[PDB]
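Next up is one chain by itself, shown in structure tokens, the form solved without guanosine-2'-monophosphate (2GP).
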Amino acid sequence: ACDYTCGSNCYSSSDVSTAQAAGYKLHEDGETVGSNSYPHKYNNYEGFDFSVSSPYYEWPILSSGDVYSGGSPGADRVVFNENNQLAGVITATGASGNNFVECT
């Protein structure tokens, strides 16, 4: 089936790693992409039980299988810290307001 499921989307650990590495390479390069400038800090107002240390960053993960390069961010994100440890996979898909819900 799917390593991670974000609402309707199905992502495999390869998907997640392709998105995390990209994600992380810009953050170490002091760069960003798009109107809302990703990757950027993730706050954790949801209170997720992420066992890797903060701070956290979020990067769009796309259902198309493309690596985010500006434009529509989509509702799913990858969350990584400074050691490039995966915190988890979240989506805006299914929550109340700005809440994110964790992908399954």
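Residue indices: 1-based, along the sequence shown.
Beyond the structure shown, there is the form solved in complex with guanosine-2'-monophosphate (2GP), which is absent from this document and is the topic of what follows.
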query: Partner proximity in the deposited complex: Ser8 to guanosine-2'-monophosphate (2GP), non-hydrogen atom cutoff 4.5 Å; finding: no
query: Contact flag, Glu46 vs guanosine-2'-monophosphate (2GP) in the deposited complex, heavy atom cut 4.5 Å; finding: yes
query: Contact flag, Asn36 vs guanosine-2'-monophosphate (2GP) in the deposited complex, heavy atom cut 4.5 Å; finding: yes
query: 4.5 Å heavy atom contact, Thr104 and guanosine-2'-monophosphate (2GP) in the deposited complex; finding: no
